[PDB]
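Asks: Sharing target-v3.cif here; it has mmCIF, C-alpha atoms and all ligand atoms; chains and numbers go by the auth columns.
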data_query
#
loop_
_atom_site.group_PDB
_atom_site.id
_atom_site.type_symbol
_atom_site.label_atom_id
_atom_site.label_comp_id
_atom_site.label_asym_id
_atom_site.label_seq_id
_atom_site.Cartn_x
_atom_site.Cartn_y
_atom_site.Cartn_z
_atom_site.B_iso_or_equiv
_atom_site.auth_seq_id
_atom_site.auth_asym_id
ATOM 1 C CA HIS A 1 11.829 -14.006 -5.869 0.00 3 I
ATOM 2 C CA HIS A 2 14.808 -14.444 -3.468 0.00 4 I
ATOM 3 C CA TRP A 3 13.888 -11.499 -1.182 0.00 5 I
ATOM 4 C CA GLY A 4 11.139 -11.953 1.380 0.00 6 I
ATOM 5 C CA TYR A 5 10.199 -11.306 4.994 0.00 7 I
ATOM 6 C CA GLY A 6 12.050 -14.146 6.785 0.00 8 I
ATOM 7 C CA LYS A 7 15.141 -14.320 8.952 0.00 9 I
ATOM 8 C CA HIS A 8 17.531 -14.958 6.110 0.00 10 I
ATOM 9 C CA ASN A 9 15.998 -12.856 3.256 0.00 11 I
ATOM 10 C CA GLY A 10 13.971 -10.195 5.085 0.00 12 I
ATOM 11 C CA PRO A 11 14.119 -6.370 5.012 0.00 13 I
ATOM 12 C CA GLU A 12 17.489 -6.076 6.842 0.00 14 I
ATOM 13 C CA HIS A 13 19.003 -8.027 3.945 0.00 15 I
ATOM 14 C CA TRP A 14 17.420 -6.202 1.010 0.00 16 I
ATOM 15 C CA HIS A 15 20.228 -3.622 0.646 0.00 17 I
ATOM 16 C CA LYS A 16 22.669 -6.313 -0.685 0.00 18 I
ATOM 17 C CA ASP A 17 20.579 -6.796 -3.905 0.00 19 I
ATOM 18 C CA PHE A 18 18.953 -3.277 -3.809 0.00 20 I
ATOM 19 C CA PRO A 19 21.432 -0.778 -2.511 0.00 21 I
ATOM 20 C CA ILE A 20 18.756 1.997 -2.740 0.00 22 I
ATOM 21 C CA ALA A 21 17.386 0.360 0.482 0.00 23 I
ATOM 22 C CA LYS A 22 19.760 2.667 2.367 0.00 24 I
ATOM 23 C CA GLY A 23 18.722 5.720 0.220 0.00 25 I
ATOM 24 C CA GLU A 24 17.660 9.220 1.185 0.00 26 I
ATOM 25 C CA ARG A 25 13.904 8.929 0.556 0.00 27 I
ATOM 26 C CA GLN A 26 12.883 5.403 1.723 0.00 28 I
ATOM 27 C CA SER A 27 9.511 4.369 3.015 0.00 29 I
ATOM 28 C CA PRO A 28 7.723 3.653 5.260 0.00 30 I
ATOM 29 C CA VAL A 29 8.351 6.126 8.060 0.00 31 I
ATOM 30 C CA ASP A 30 6.947 6.987 11.475 0.00 32 I
ATOM 31 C CA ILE A 31 4.606 9.995 11.241 0.00 33 I
ATOM 32 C CA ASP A 32 5.303 12.147 14.302 0.00 34 I
ATOM 33 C CA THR A 33 2.028 14.067 14.496 0.00 35 I
ATOM 34 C CA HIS A 34 3.485 16.935 16.561 0.00 36 I
ATOM 35 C CA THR A 35 6.344 17.599 14.080 0.00 37 I
ATOM 36 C CA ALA A 36 4.145 17.316 10.859 0.00 38 I
ATOM 37 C CA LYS A 37 3.680 20.775 9.392 0.00 39 I
ATOM 38 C CA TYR A 38 0.167 21.973 8.575 0.00 40 I
ATOM 39 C CA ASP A 39 0.329 23.272 5.007 0.00 41 I
ATOM 40 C CA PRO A 40 -2.623 25.521 4.153 0.00 42 I
ATOM 41 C CA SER A 41 -1.624 25.471 0.483 0.00 43 I
ATOM 42 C CA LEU A 42 -2.496 21.755 0.086 0.00 44 I
ATOM 43 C CA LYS A 43 -5.753 21.115 -1.740 0.00 45 I
ATOM 44 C CA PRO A 44 -8.349 18.461 -0.948 0.00 46 I
ATOM 45 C CA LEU A 45 -7.703 15.061 -2.587 0.00 47 I
ATOM 46 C CA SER A 46 -9.928 14.253 -5.553 0.00 48 I
ATOM 47 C CA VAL A 47 -10.627 10.524 -5.715 0.00 49 I
ATOM 48 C CA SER A 48 -12.728 9.539 -8.802 0.00 50 I
ATOM 49 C CA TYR A 49 -13.341 5.832 -8.580 0.00 51 I
ATOM 50 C CA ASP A 50 -16.971 5.663 -9.946 0.00 52 I
ATOM 51 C CA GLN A 51 -15.741 4.181 -13.304 0.00 53 I
ATOM 52 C CA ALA A 52 -13.151 1.742 -11.836 0.00 54 I
ATOM 53 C CA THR A 53 -12.804 -1.584 -13.714 0.00 55 I
ATOM 54 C CA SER A 54 -11.245 -4.313 -11.635 0.00 56 I
ATOM 55 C CA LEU A 55 -9.816 -7.311 -13.597 0.00 57 I
ATOM 56 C CA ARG A 56 -8.042 -9.870 -11.478 0.00 58 I
ATOM 57 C CA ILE A 57 -6.737 -10.743 -7.998 0.00 59 I
ATOM 58 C CA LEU A 58 -3.441 -12.571 -7.682 0.00 60 I
ATOM 59 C CA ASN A 59 -1.029 -13.925 -5.147 0.00 61 I
ATOM 60 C CA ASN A 60 2.501 -12.758 -6.143 0.00 62 I
ATOM 61 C CA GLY A 61 4.233 -14.449 -3.214 0.00 63 I
ATOM 62 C CA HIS A 62 4.624 -11.302 -1.087 0.00 64 I
ATOM 63 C CA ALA A 63 1.045 -9.982 -0.974 0.00 65 I
ATOM 64 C CA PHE A 64 -2.084 -10.217 -3.038 0.00 66 I
ATOM 65 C CA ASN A 65 -2.907 -7.527 -5.624 0.00 67 I
ATOM 66 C CA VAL A 66 -6.289 -6.549 -7.006 0.00 68 I
ATOM 67 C CA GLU A 67 -5.510 -5.193 -10.515 0.00 69 I
ATOM 68 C CA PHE A 68 -7.456 -2.587 -12.468 0.00 70 I
ATOM 69 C CA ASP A 69 -7.733 -1.692 -16.141 0.00 71 I
ATOM 70 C CA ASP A 70 -5.514 1.449 -16.462 0.00 72 I
ATOM 71 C CA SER A 71 -5.667 1.811 -20.284 0.00 73 I
ATOM 72 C CA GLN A 72 -7.947 4.878 -19.866 0.00 74 I
ATOM 73 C CA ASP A 73 -8.715 7.504 -17.205 0.00 75 I
ATOM 74 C CA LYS A 74 -11.327 5.421 -15.317 0.00 76 I
ATOM 75 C CA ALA A 75 -10.222 5.394 -11.634 0.00 77 I
ATOM 76 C CA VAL A 76 -7.961 8.414 -10.960 0.00 78 I
ATOM 77 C CA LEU A 77 -6.495 10.437 -8.130 0.00 79 I
ATOM 78 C CA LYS A 78 -5.882 14.192 -8.491 0.00 80 I
ATOM 79 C CA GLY A 79 -5.356 17.263 -6.287 0.00 81 I
ATOM 80 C CA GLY A 80 -3.837 17.106 -2.826 0.00 82 I
ATOM 81 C CA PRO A 81 -0.066 17.585 -3.357 0.00 83 I
ATOM 82 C CA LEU A 82 -0.201 16.116 -6.865 0.00 84 I
ATOM 83 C CA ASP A 83 0.176 17.795 -10.225 0.00 85 I
ATOM 84 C CA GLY A 84 -1.468 15.942 -12.983 0.00 86 I
ATOM 85 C CA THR A 85 -3.691 12.872 -13.106 0.00 87 I
ATOM 86 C CA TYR A 86 -2.660 9.555 -11.587 0.00 88 I
ATOM 87 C CA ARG A 87 -4.378 6.300 -12.663 0.00 89 I
ATOM 88 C CA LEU A 88 -5.164 3.424 -10.269 0.00 90 I
ATOM 89 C CA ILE A 89 -3.300 0.227 -11.305 0.00 91 I
ATOM 90 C CA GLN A 90 -3.611 -2.103 -8.274 0.00 92 I
ATOM 91 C CA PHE A 91 -4.175 -2.235 -4.568 0.00 93 I
ATOM 92 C CA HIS A 92 -2.792 -4.591 -1.955 0.00 94 I
ATOM 93 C CA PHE A 93 -2.353 -4.858 1.831 0.00 95 I
ATOM 94 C CA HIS A 94 0.402 -5.511 4.371 0.00 96 I
ATOM 95 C CA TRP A 95 -0.622 -7.241 7.624 0.00 97 I
ATOM 96 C CA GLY A 96 0.664 -8.899 10.732 0.00 98 I
ATOM 97 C CA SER A 97 0.632 -12.263 12.495 0.00 99 I
ATOM 98 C CA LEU A 98 -1.125 -10.525 15.428 0.00 100 I
ATOM 99 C CA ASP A 99 -3.516 -7.510 15.640 0.00 101 I
ATOM 100 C CA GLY A 100 -0.882 -5.251 17.253 0.00 102 I
ATOM 101 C CA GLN A 101 1.394 -5.139 14.153 0.00 103 I
ATOM 102 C CA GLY A 102 1.043 -5.186 10.401 0.00 104 I
ATOM 103 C CA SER A 103 1.033 -1.575 9.116 0.00 105 I
ATOM 104 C CA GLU A 104 4.158 -0.174 7.441 0.00 106 I
ATOM 105 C CA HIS A 105 3.622 3.486 8.423 0.00 107 I
ATOM 106 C CA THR A 106 3.267 4.150 12.104 0.00 108 I
ATOM 107 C CA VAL A 107 1.670 7.229 13.774 0.00 109 I
ATOM 108 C CA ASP A 108 3.580 8.359 16.866 0.00 110 I
ATOM 109 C CA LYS A 109 5.015 4.823 16.877 0.00 111 I
ATOM 110 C CA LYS A 110 1.512 3.278 16.923 0.00 112 I
ATOM 111 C CA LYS A 111 1.267 0.207 14.591 0.00 113 I
ATOM 112 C CA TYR A 112 -2.108 -0.764 13.073 0.00 114 I
ATOM 113 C CA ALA A 113 -3.273 -4.307 12.171 0.00 115 I
ATOM 114 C CA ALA A 114 -2.794 -3.786 8.462 0.00 116 I
ATOM 115 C CA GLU A 115 -2.240 -1.148 5.792 0.00 117 I
ATOM 116 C CA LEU A 116 -3.953 -0.808 2.424 0.00 118 I
ATOM 117 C CA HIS A 117 -1.948 0.744 -0.472 0.00 119 I
ATOM 118 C CA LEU A 118 -3.777 1.987 -3.555 0.00 120 I
ATOM 119 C CA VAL A 119 -1.117 2.407 -6.202 0.00 121 I
ATOM 120 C CA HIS A 120 -1.545 5.015 -9.008 0.00 122 I
ATOM 121 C CA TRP A 121 0.814 6.250 -11.735 0.00 123 I
ATOM 122 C CA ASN A 122 1.312 9.654 -13.400 0.00 124 I
ATOM 123 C CA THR A 123 -0.321 9.540 -16.806 0.00 125 I
ATOM 124 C CA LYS A 124 2.210 12.052 -18.267 0.00 127 I
ATOM 125 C CA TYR A 125 4.701 9.107 -18.353 0.00 128 I
ATOM 126 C CA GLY A 126 2.465 6.851 -20.499 0.00 129 I
ATOM 127 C CA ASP A 127 2.921 3.541 -18.574 0.00 130 I
ATOM 128 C CA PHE A 128 3.622 2.268 -15.111 0.00 131 I
ATOM 129 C CA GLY A 129 7.126 1.009 -16.094 0.00 132 I
ATOM 130 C CA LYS A 130 8.268 4.536 -17.188 0.00 133 I
ATOM 131 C CA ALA A 131 6.521 6.170 -14.206 0.00 134 I
ATOM 132 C CA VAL A 132 8.568 4.194 -11.567 0.00 135 I
ATOM 133 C CA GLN A 133 11.788 5.749 -13.024 0.00 136 I
ATOM 134 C CA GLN A 134 10.581 9.336 -12.198 0.00 137 I
ATOM 135 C CA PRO A 135 10.623 11.198 -8.888 0.00 138 I
ATOM 136 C CA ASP A 136 6.907 12.133 -9.261 0.00 139 I
ATOM 137 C CA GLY A 137 5.925 8.918 -11.029 0.00 140 I
ATOM 138 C CA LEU A 138 3.646 7.227 -8.461 0.00 141 I
ATOM 139 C CA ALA A 139 1.095 8.330 -5.876 0.00 142 I
ATOM 140 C CA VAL A 140 0.163 5.739 -3.250 0.00 143 I
ATOM 141 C CA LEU A 141 -2.776 6.295 -0.952 0.00 144 I
ATOM 142 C CA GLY A 142 -2.196 4.515 2.336 0.00 145 I
ATOM 143 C CA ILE A 143 -5.117 3.638 4.637 0.00 146 I
ATOM 144 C CA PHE A 144 -4.735 2.029 8.092 0.00 147 I
ATOM 145 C CA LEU A 145 -6.908 -0.903 9.249 0.00 148 I
ATOM 146 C CA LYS A 146 -7.824 -1.362 12.896 0.00 149 I
ATOM 147 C CA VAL A 147 -9.729 -4.398 14.192 0.00 150 I
ATOM 148 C CA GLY A 148 -13.264 -3.671 15.407 0.00 151 I
ATOM 149 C CA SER A 149 -16.464 -3.854 13.279 0.00 152 I
ATOM 150 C CA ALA A 150 -16.502 -5.579 9.898 0.00 153 I
ATOM 151 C CA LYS A 151 -16.108 -3.561 6.743 0.00 154 I
ATOM 152 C CA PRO A 152 -18.868 -4.844 4.397 0.00 155 I
ATOM 153 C CA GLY A 153 -17.094 -3.591 1.194 0.00 156 I
ATOM 154 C CA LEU A 154 -14.046 -5.724 2.022 0.00 157 I
ATOM 155 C CA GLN A 155 -15.948 -8.966 2.221 0.00 158 I
ATOM 156 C CA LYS A 156 -15.906 -9.700 -1.500 0.00 159 I
ATOM 157 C CA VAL A 157 -12.053 -9.665 -1.302 0.00 160 I
ATOM 158 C CA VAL A 158 -11.919 -11.923 1.719 0.00 161 I
ATOM 159 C CA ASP A 159 -14.282 -14.451 0.187 0.00 162 I
ATOM 160 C CA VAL A 160 -11.993 -15.131 -2.834 0.00 163 I
ATOM 161 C CA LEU A 161 -8.702 -15.523 -0.927 0.00 164 I
ATOM 162 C CA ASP A 162 -9.373 -19.293 -0.773 0.00 165 I
ATOM 163 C CA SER A 163 -8.863 -19.513 -4.555 0.00 166 I
ATOM 164 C CA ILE A 164 -5.432 -17.717 -4.620 0.00 167 I
ATOM 165 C CA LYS A 165 -3.872 -19.363 -1.630 0.00 168 I
ATOM 166 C CA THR A 166 -0.354 -19.899 -3.033 0.00 169 I
ATOM 167 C CA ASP A 167 2.130 -17.867 -5.049 0.00 170 I
ATOM 168 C CA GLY A 168 1.247 -17.515 -8.724 0.00 171 I
ATOM 169 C CA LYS A 169 -2.479 -18.229 -8.377 0.00 172 I
ATOM 170 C CA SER A 170 -4.847 -15.708 -9.935 0.00 173 I
ATOM 171 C CA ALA A 171 -8.588 -15.383 -10.291 0.00 174 I
ATOM 172 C CA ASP A 172 -11.055 -13.275 -12.266 0.00 175 I
ATOM 173 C CA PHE A 173 -12.126 -10.422 -10.086 0.00 176 I
ATOM 174 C CA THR A 174 -14.571 -8.062 -11.779 0.00 177 I
ATOM 175 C CA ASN A 175 -16.992 -5.368 -10.707 0.00 178 I
ATOM 176 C CA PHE A 176 -15.215 -4.718 -7.390 0.00 179 I
ATOM 177 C CA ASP A 177 -15.804 -1.119 -6.250 0.00 180 I
ATOM 178 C CA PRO A 178 -12.837 0.282 -4.323 0.00 181 I
ATOM 179 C CA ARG A 179 -15.052 3.143 -2.959 0.00 182 I
ATOM 180 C CA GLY A 180 -16.134 0.654 -0.282 0.00 183 I
ATOM 181 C CA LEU A 181 -12.586 0.719 1.240 0.00 184 I
ATOM 182 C CA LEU A 182 -12.354 4.488 1.897 0.00 185 I
ATOM 183 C CA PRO A 183 -12.830 6.160 5.314 0.00 186 I
ATOM 184 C CA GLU A 184 -15.285 9.113 5.746 0.00 187 I
ATOM 185 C CA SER A 185 -12.603 11.783 5.948 0.00 188 I
ATOM 186 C CA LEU A 186 -9.920 12.407 3.334 0.00 189 I
ATOM 187 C CA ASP A 187 -7.595 14.339 5.662 0.00 190 I
ATOM 188 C CA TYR A 188 -4.012 13.218 5.080 0.00 191 I
ATOM 189 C CA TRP A 189 -0.260 13.502 5.651 0.00 192 I
ATOM 190 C CA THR A 190 2.032 13.563 2.676 0.00 193 I
ATOM 191 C CA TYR A 191 5.782 13.127 2.117 0.00 194 I
ATOM 192 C CA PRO A 192 8.088 12.032 -0.730 0.00 195 I
ATOM 193 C CA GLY A 193 9.150 8.408 -0.358 0.00 196 I
ATOM 194 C CA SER A 194 9.652 5.033 -2.104 0.00 197 I
ATOM 195 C CA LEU A 195 8.083 1.601 -2.967 0.00 198 I
ATOM 196 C CA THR A 196 8.261 -0.443 0.240 0.00 199 I
ATOM 197 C CA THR A 197 9.173 -3.602 -1.595 0.00 200 I
ATOM 198 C CA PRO A 198 12.009 -4.255 -4.021 0.00 201 I
ATOM 199 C CA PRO A 199 13.034 -2.584 -6.245 0.00 202 I
ATOM 200 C CA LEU A 200 12.447 0.143 -3.541 0.00 203 I
ATOM 201 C CA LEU A 201 12.523 2.915 -6.143 0.00 204 I
ATOM 202 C CA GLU A 202 12.253 6.514 -4.888 0.00 205 I
ATOM 203 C CA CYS A 203 9.363 7.509 -7.153 0.00 206 I
ATOM 204 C CA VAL A 204 6.379 7.774 -4.701 0.00 207 I
ATOM 205 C CA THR A 205 4.395 10.702 -3.319 0.00 208 I
ATOM 206 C CA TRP A 206 2.812 9.153 -0.270 0.00 209 I
ATOM 207 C CA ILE A 207 -0.620 10.261 0.814 0.00 210 I
ATOM 208 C CA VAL A 208 -1.496 8.542 4.176 0.00 211 I
ATOM 209 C CA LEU A 209 -5.061 9.097 5.419 0.00 212 I
ATOM 210 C CA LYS A 210 -5.520 10.112 9.051 0.00 213 I
ATOM 211 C CA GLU A 211 -8.705 8.089 9.630 0.00 214 I
ATOM 212 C CA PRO A 212 -8.407 4.268 9.734 0.00 215 I
ATOM 213 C CA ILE A 213 -11.082 1.950 8.580 0.00 216 I
ATOM 214 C CA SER A 214 -12.245 -0.885 10.843 0.00 217 I
ATOM 215 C CA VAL A 215 -12.236 -4.533 9.829 0.00 218 I
ATOM 216 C CA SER A 216 -13.372 -7.516 11.898 0.00 219 I
ATOM 217 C CA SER A 217 -11.058 -10.029 13.530 0.00 220 I
ATOM 218 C CA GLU A 218 -12.571 -12.730 11.196 0.00 221 I
ATOM 219 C CA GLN A 219 -11.801 -10.580 8.099 0.00 222 I
ATOM 220 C CA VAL A 220 -8.076 -10.196 8.970 0.00 223 I
ATOM 221 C CA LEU A 221 -7.889 -13.861 10.060 0.00 224 I
ATOM 222 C CA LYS A 222 -8.597 -14.865 6.473 0.00 225 I
ATOM 223 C CA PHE A 223 -5.591 -12.753 5.188 0.00 226 I
ATOM 224 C CA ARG A 224 -3.377 -14.805 7.582 0.00 227 I
ATOM 225 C CA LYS A 225 -4.386 -18.063 5.858 0.00 228 I
ATOM 226 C CA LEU A 226 -2.650 -17.185 2.557 0.00 229 I
ATOM 227 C CA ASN A 227 0.795 -18.617 1.763 0.00 230 I
ATOM 228 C CA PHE A 228 4.130 -17.084 0.593 0.00 231 I
ATOM 229 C CA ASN A 229 5.037 -20.405 -0.988 0.00 232 I
ATOM 230 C CA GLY A 230 3.886 -21.943 -4.279 0.00 233 I
ATOM 231 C CA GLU A 231 1.473 -24.882 -4.475 0.00 234 I
ATOM 232 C CA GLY A 232 2.929 -28.214 -3.414 0.00 235 I
ATOM 233 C CA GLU A 233 5.828 -26.553 -1.586 0.00 236 I
ATOM 234 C CA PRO A 234 6.124 -26.627 2.223 0.00 237 I
ATOM 235 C CA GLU A 235 3.553 -24.250 3.793 0.00 238 I
ATOM 236 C CA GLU A 236 4.690 -20.835 5.003 0.00 239 I
ATOM 237 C CA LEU A 237 1.883 -18.554 6.116 0.00 240 I
ATOM 238 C CA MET A 238 1.755 -15.046 4.500 0.00 241 I
ATOM 239 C CA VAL A 239 1.971 -12.869 7.631 0.00 242 I
ATOM 240 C CA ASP A 240 4.195 -9.961 8.682 0.00 243 I
ATOM 241 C CA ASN A 241 4.773 -8.873 5.099 0.00 244 I
ATOM 242 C CA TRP A 242 5.614 -5.290 6.280 0.00 245 I
ATOM 243 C CA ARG A 243 8.842 -3.323 6.143 0.00 246 I
ATOM 244 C CA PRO A 244 9.878 -1.513 9.358 0.00 247 I
ATOM 245 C CA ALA A 245 10.055 2.303 9.509 0.00 248 I
ATOM 246 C CA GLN A 246 13.068 3.934 7.812 0.00 249 I
ATOM 247 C CA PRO A 247 14.914 7.116 8.722 0.00 250 I
ATOM 248 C CA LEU A 248 13.190 10.347 7.725 0.00 251 I
ATOM 249 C CA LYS A 249 16.554 12.020 6.878 0.00 252 I
ATOM 250 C CA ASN A 250 16.116 15.352 5.088 0.00 253 I
ATOM 251 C CA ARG A 251 12.266 15.266 4.701 0.00 254 I
ATOM 252 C CA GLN A 252 9.257 17.102 6.078 0.00 255 I
ATOM 253 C CA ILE A 253 5.893 15.396 6.540 0.00 256 I
ATOM 254 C CA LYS A 254 3.044 17.844 5.699 0.00 257 I
ATOM 255 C CA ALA A 255 -0.538 17.643 6.979 0.00 258 I
ATOM 256 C CA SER A 256 -3.661 18.773 5.178 0.00 259 I
ATOM 257 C CA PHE A 257 -5.380 19.411 8.500 0.00 260 I
ATOM 258 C CA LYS A 258 -4.802 20.842 12.009 0.00 261 I
HETATM 259 NA NA NA B . 4.034 -5.804 -7.149 0.00 301 Y
HETATM 260 ZN ZN ZN B . 2.390 -1.812 -0.179 0.00 302 Y
#
For the structure just supplied, provide its representation as structure tokens.

Replies:
Amino acid sequence: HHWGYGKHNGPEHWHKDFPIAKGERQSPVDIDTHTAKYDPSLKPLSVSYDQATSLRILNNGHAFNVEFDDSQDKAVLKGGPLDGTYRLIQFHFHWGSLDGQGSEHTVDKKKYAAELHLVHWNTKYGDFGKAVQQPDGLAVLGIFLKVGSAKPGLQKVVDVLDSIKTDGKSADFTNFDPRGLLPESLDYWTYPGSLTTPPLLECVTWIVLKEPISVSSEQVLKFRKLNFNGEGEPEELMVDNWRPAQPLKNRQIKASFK
């Protein structure tokens, strides 16, 4: 695709092809923890990932996605601020060239090394393509990564990155359990927002977990060896594939905790 994260095609350019970039409910945003409103009416999240079926991992030239079979209710997210059942379709990460940047959301302006997005769609709309046209179509769980101890359940992902180095490469990726990527606590902030890549549609209920997971320096190093470019093209490392924080405008961030 023409858009990307460089000087000449990066996020400050996206509005020319995707005028919704300057919309009223864009993501990501800075979460100001002292202005977030505790909402005692929010329920606990319900994450049911025991029957998840992963299929494939692929490099799509802006990140890598692990894709799941979403033809039945096998890995779903319910509760929290959601009505209805949302099915897991893929997850992916955004990360930096250095450990001090890489997350899309920030917390009191603090950036994390990377951010994991688990993308789910509202089953009342029948398919992911209809869901992205609706204001309550997607629910994305966002989890921050800090660098410290290794996360054992991430290792299977890091070990296959070698085989999908360039844009358009894919590999079989079965029996991966995404329960190994979740923190202990499910406390969260939530606000209505958008996809953070083109087409930037405003169809996402964001659910950002308060507790980061830790990954090792060697684990995130291996993400930085992937390439934006296709095979046999000049090498451009896949780093800093994050969009900067957007204005909050007329929105309230709610917290499930105090
Ligand atoms: Na995508
Ligand atoms: Zn993302």

Asks: Using only C-alpha atoms and all ligand atoms, find each protein or nucleic acid residue lying at most 10 Å from ligand NA 301 (chain Y); present the set as a tab-separated table (two decimals) with C-alpha atoms, keeping the file's coordinate frame.

Replies:
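out_36.tsv written:
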chain	number	residue	atom	x	y	z
I	61	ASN	CA	-1.03	-13.92	-5.15
I	62	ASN	CA	2.50	-12.76	-6.14
I	63	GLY	CA	4.23	-14.45	-3.21
I	64	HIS	CA	4.62	-11.30	-1.09
I	65	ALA	CA	1.04	-9.98	-0.97
I	66	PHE	CA	-2.08	-10.22	-3.04
I	67	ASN	CA	-2.91	-7.53	-5.62
I	92	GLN	CA	-3.61	-2.10	-8.27
I	93	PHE	CA	-4.18	-2.24	-4.57
I	94	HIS	CA	-2.79	-4.59	-1.96
I	121	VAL	CA	-1.12	2.41	-6.20
I	198	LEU	CA	8.08	1.60	-2.97
I	200	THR	CA	9.17	-3.60	-1.60
I	201	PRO	CA	12.01	-4.26	-4.02
I	202	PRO	CA	13.03	-2.58	-6.24

Asks: Could I get the residue neighbourhood of ligand ZN 302 (chain Y) at 7 Å, counting all atoms listed in the file, as an NGL selection string?

Replies: :I and (94-96 or 118-119 or 199)

Asks: Please determine, counting all atoms listed in the file, which residue among I:194, I:209, I:179, I:40 has the shortest atom-to-atom distance to residue 120 in chain I.

Replies: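 Using all atoms listed in the file, residue 120 in chain I sits closest to I:209.
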
Asks: Please provide as a PDB file with C-alpha atoms, in the frame of the given file all residues within 10 Å of residue 244 in chain I, with the sequence filter that same-chain residues fewer than 5 positions apart are discarded (counting all atoms listed in the file).

Replies:
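Dumped everything to out_1.pdb:
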ATOM      1  CA  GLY I   6      11.139 -11.953   1.380  1.00  0.00           C
ATOM      2  CA  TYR I   7      10.199 -11.306   4.994  1.00  0.00           C
ATOM      3  CA  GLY I   8      12.050 -14.146   6.785  1.00  0.00           C
ATOM      4  CA  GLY I  12      13.971 -10.195   5.085  1.00  0.00           C
ATOM      5  CA  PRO I  13      14.119  -6.370   5.012  1.00  0.00           C
ATOM      6  CA  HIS I  64       4.624 -11.302  -1.087  1.00  0.00           C
ATOM      7  CA  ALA I  65       1.045  -9.982  -0.974  1.00  0.00           C
ATOM      8  CA  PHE I  95      -2.353  -4.858   1.831  1.00  0.00           C
ATOM      9  CA  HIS I  96       0.402  -5.511   4.371  1.00  0.00           C
ATOM     10  CA  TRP I  97      -0.622  -7.241   7.624  1.00  0.00           C
ATOM     11  CA  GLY I  98       0.664  -8.899  10.732  1.00  0.00           C
ATOM     12  CA  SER I  99       0.632 -12.263  12.495  1.00  0.00           C
ATOM     13  CA  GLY I 104       1.043  -5.186  10.401  1.00  0.00           C
ATOM     14  CA  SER I 105       1.033  -1.575   9.116  1.00  0.00           C
ATOM     15  CA  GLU I 106       4.158  -0.174   7.441  1.00  0.00           C
ATOM     16  CA  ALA I 116      -2.794  -3.786   8.462  1.00  0.00           C
ATOM     17  CA  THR I 200       9.173  -3.602  -1.595  1.00  0.00           C
ATOM     18  CA  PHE I 231       4.130 -17.084   0.593  1.00  0.00           C
TER      19      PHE I 231
END

Asks: Which residues are near residue 248 in chain I? Cut-off 7 Å, all atoms listed in the file, ignore same chain within fewer than 3 positions. Put them as a PyMOL selection string.

Replies: chain I and resi 29-32+106-107

Asks: Separation of CA of residue 143 in chain I and CA of residue 19 in chain I, in Å?

Replies: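 CA of residue 19 in chain I lies 24.0 Å from CA of residue 143 in chain I.
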
Asks: Out of I:168, I:252, I:213, I:89, which residue has the shortest atom-to-atom distance to residue 225 in chain I when counting only C-alpha atoms?

Replies: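 Looking only at the distances to residue 225 in chain I, the closest residue turns out to be I:168.
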